[PDB]
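Shown next, in structure tokens, is the structure this report addresses.
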Amino acid sequence: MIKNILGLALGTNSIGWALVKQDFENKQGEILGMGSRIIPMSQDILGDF
DNA sequence: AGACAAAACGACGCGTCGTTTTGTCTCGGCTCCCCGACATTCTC
């Protein structure tokens with residue numbers, strides 16, 4: 001009935017993390033946490049790999 | 001090729017050593033104490 005959901009988006013050097021507490025059946029719910037973790041490296045590596 | 005490290009450019013721009021030159025409160029009235037020197041007399 002109430003569900004904790006963790007959405008993860010994975011990039012070349014980025015992790016997008018979001019955590020929500022959804023109750024879809026009643027059109028309710030709210031977000032709990034959001035963030036993006038970045039691993040720095042030059043775009044030379046991005047164009048090279 | 002990328003993106004960081006720093007040299008280069010700018011007119012601009014202000015600091016900096018070594019010396020020279022400049023600027024720096026003013027006058028009025030009195031009173032009463034002390035001392036110094038130089039003349040005379042007098043004592044020793």
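Chain labels A, B, ... are given in the sequence in which chains occur in the structure tokens; within each chain residues are numbered consecutively from 1, and ligands are likewise numbered from 1 in the order shown.
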
Backbone-only DSSP, strand (DSSP E) members of chain A, as a list in words: residues 3, 4, 5, 6, 7, 8, 9, 10, 14, 15, 16, 17, 18, 19, 20, 21, 22, 23, 28, 29, 30, 31, 32, 33, 34, 35, 36, 37 and 38 of chain A

May I have the residues from that selection written out with N, CA, C and O atoms, as a short mmCIF file (atom, residue, chain, number, x, y, z; two decimals), in the first residue's frame?
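Result went into part.cif, see below:
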data_model
loop_
_atom_site.label_atom_id
_atom_site.label_comp_id
_atom_site.auth_asym_id
_atom_site.auth_seq_id
_atom_site.Cartn_x
_atom_site.Cartn_y
_atom_site.Cartn_z
N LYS A 3 4.89 2.34 -0.60
CA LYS A 3 6.08 1.72 -1.16
C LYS A 3 7.23 2.72 -1.23
O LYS A 3 7.07 3.82 -1.78
N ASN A 4 8.38 2.33 -0.70
CA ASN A 4 9.61 3.11 -0.83
C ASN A 4 10.27 2.75 -2.16
O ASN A 4 10.50 1.57 -2.44
N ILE A 5 10.58 3.76 -2.96
CA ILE A 5 11.11 3.57 -4.30
C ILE A 5 12.44 4.30 -4.40
O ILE A 5 12.53 5.48 -4.03
N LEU A 6 13.45 3.61 -4.90
CA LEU A 6 14.76 4.21 -5.16
C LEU A 6 15.02 4.19 -6.67
O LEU A 6 15.18 3.12 -7.25
N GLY A 7 15.07 5.37 -7.28
CA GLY A 7 15.40 5.49 -8.68
C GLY A 7 16.85 5.90 -8.86
O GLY A 7 17.31 6.90 -8.28
N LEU A 8 17.57 5.12 -9.66
CA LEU A 8 18.97 5.35 -9.96
C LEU A 8 19.17 5.50 -11.46
O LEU A 8 18.72 4.67 -12.25
N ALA A 9 19.85 6.59 -11.84
CA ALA A 9 20.25 6.84 -13.22
C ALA A 9 21.77 6.85 -13.27
O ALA A 9 22.42 7.59 -12.53
N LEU A 10 22.34 6.01 -14.13
CA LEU A 10 23.78 5.80 -14.18
C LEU A 10 24.34 6.39 -15.46
O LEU A 10 23.90 6.03 -16.56
N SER A 14 28.32 10.00 -13.61
CA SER A 14 27.28 10.62 -12.82
C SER A 14 26.33 9.56 -12.28
O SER A 14 25.93 8.64 -13.00
N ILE A 15 25.97 9.71 -11.01
CA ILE A 15 24.94 8.88 -10.39
C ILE A 15 23.81 9.79 -9.92
O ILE A 15 24.00 10.61 -9.01
N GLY A 16 22.64 9.66 -10.53
CA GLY A 16 21.46 10.38 -10.07
C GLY A 16 20.62 9.48 -9.19
O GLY A 16 20.14 8.43 -9.62
N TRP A 17 20.46 9.90 -7.93
CA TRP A 17 19.76 9.11 -6.93
C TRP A 17 18.54 9.87 -6.44
O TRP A 17 18.61 11.07 -6.15
N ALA A 18 17.41 9.18 -6.38
CA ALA A 18 16.18 9.75 -5.85
C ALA A 18 15.43 8.70 -5.05
O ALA A 18 15.35 7.54 -5.47
N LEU A 19 14.89 9.10 -3.91
CA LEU A 19 14.12 8.20 -3.06
C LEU A 19 12.78 8.85 -2.76
O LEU A 19 12.73 10.01 -2.32
N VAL A 20 11.70 8.09 -2.97
CA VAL A 20 10.34 8.59 -2.85
C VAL A 20 9.52 7.56 -2.07
O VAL A 20 9.88 6.38 -2.00
N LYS A 21 8.43 8.02 -1.46
CA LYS A 21 7.50 7.16 -0.73
C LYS A 21 6.14 7.29 -1.42
O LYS A 21 5.37 8.21 -1.13
N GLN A 22 5.86 6.37 -2.33
CA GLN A 22 4.72 6.47 -3.23
C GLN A 22 3.56 5.62 -2.75
O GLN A 22 3.75 4.50 -2.25
N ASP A 23 2.35 6.17 -2.88
CA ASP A 23 1.09 5.46 -2.71
C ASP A 23 0.26 5.77 -3.96
O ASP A 23 -0.56 6.70 -3.95
N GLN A 28 -1.41 9.58 -3.98
CA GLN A 28 -0.69 10.26 -2.92
C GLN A 28 0.79 9.91 -3.00
O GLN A 28 1.25 9.23 -3.93
N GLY A 29 1.54 10.39 -2.02
CA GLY A 29 2.96 10.12 -1.92
C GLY A 29 3.74 11.41 -1.93
O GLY A 29 3.23 12.47 -2.29
N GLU A 30 5.01 11.31 -1.53
CA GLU A 30 5.88 12.48 -1.50
C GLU A 30 7.33 12.07 -1.71
O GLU A 30 7.70 10.93 -1.42
N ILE A 31 8.14 12.99 -2.20
CA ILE A 31 9.56 12.76 -2.42
C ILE A 31 10.27 12.84 -1.07
O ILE A 31 9.86 13.60 -0.19
N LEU A 32 11.34 12.05 -0.92
CA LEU A 32 12.12 12.12 0.31
C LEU A 32 13.51 12.69 0.05
O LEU A 32 13.98 13.56 0.79
N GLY A 33 14.18 12.22 -1.00
CA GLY A 33 15.55 12.64 -1.21
C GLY A 33 15.90 12.67 -2.68
O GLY A 33 15.38 11.89 -3.48
N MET A 34 16.82 13.57 -3.02
CA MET A 34 17.28 13.75 -4.38
C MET A 34 18.74 14.19 -4.36
O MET A 34 19.17 14.92 -3.47
N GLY A 35 19.50 13.75 -5.36
CA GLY A 35 20.88 14.17 -5.45
C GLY A 35 21.56 13.60 -6.68
O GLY A 35 21.06 12.68 -7.33
N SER A 36 22.71 14.19 -6.99
CA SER A 36 23.54 13.72 -8.09
C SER A 36 25.00 13.75 -7.66
O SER A 36 25.51 14.79 -7.24
N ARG A 37 25.65 12.60 -7.75
CA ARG A 37 27.07 12.45 -7.43
C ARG A 37 27.86 12.48 -8.72
O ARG A 37 27.51 11.80 -9.69
N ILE A 38 28.94 13.26 -8.74
CA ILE A 38 29.72 13.52 -9.94
C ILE A 38 31.16 13.09 -9.68
O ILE A 38 31.76 13.47 -8.67
#

Using only C-alpha atoms (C1' of nucleotides) and a distance of at most 10 Å, pull out the residues of chain A that contact chain B, as a PyMOL selection string. chain A and resi 42-45+47-48

Quick one: pull the distance between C1' of residue 4 in chain B and CA of residue 46 in chain A, Å, one decimal.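 If I compute the distance from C1' of residue 4 in chain B to CA of residue 46 in chain A, I get 17.0 Å.
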
Got a sec to tell me which of chain A DSSP assigns to helix (DSSP H, G or I), as a count of residues only? 9

Rounded to one decimal, what separation in Å do you get between CA of residue 39 in chain A and CA of residue 13 in chain A?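 Separation between CA of residue 39 in chain A and CA of residue 13 in chain A: 5.1 Å.
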